[PDB]
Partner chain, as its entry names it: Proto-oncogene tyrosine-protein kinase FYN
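Take a look at this single chain, the form solved without the partner chain, given in structure tokens.
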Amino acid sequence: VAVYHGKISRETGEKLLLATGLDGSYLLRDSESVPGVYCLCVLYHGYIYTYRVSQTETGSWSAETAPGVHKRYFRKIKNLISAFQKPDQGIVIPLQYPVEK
């Protein structure tokens, strides 16, 4: 996943996204608060929105958005990312500009 950057902190990922200044800039990183979980981080109007991404026991991927709403599950994280490029998936703005480096 070119947008996944392991071994970077929340602060680094936010500085990078903020530098882009583009709505829908995004990256994936490791959660610092919960080992084993990931954070899908999205810039919108100068603020970073962070959504927890995790795998089920059998390996399916989902993002936590509104509480208590049925999630969509994906075999592959790239398919999760693709789905969240569309509107009304539950994040503040669609994923549009991947931070790959």
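Throughout, rigid core stands for the largest set of C-alpha atoms superposing within 1.5 Å between the two forms. Residue numbers count along the first chain shown, from 1. Shifts are known only where both forms have a C-alpha.
For the pair 37 to 45 and 55 to 63, the mean Cα B-factor is higher in 55 to 63.
Look at the mean CA B-factor for 22 to 30 and for 67 to 75 in the entry; the higher one is 67 to 75. Sorting the modelled residues of the chain by their CA temperature factor places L95 in the lowest third.
The discussion below concerns the form solved in complex with the partner chain, not included here.
Put simply, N79 is close to the partner chain in the deposited complex: some heavy atom of it is within 4.5 Å. Along 51 to 79, residues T58, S60, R72, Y73, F74, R75, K76, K78, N79 each place a heavy atom within 4.5 Å of the partner chain in the deposited complex.
At a threshold of 2 Å in C-alpha displacement, with the core superposed and only residues shared by both forms counted, 65 to 68 is the one segment of at least 3 consecutive residues that shifts between this form and the one not shown.
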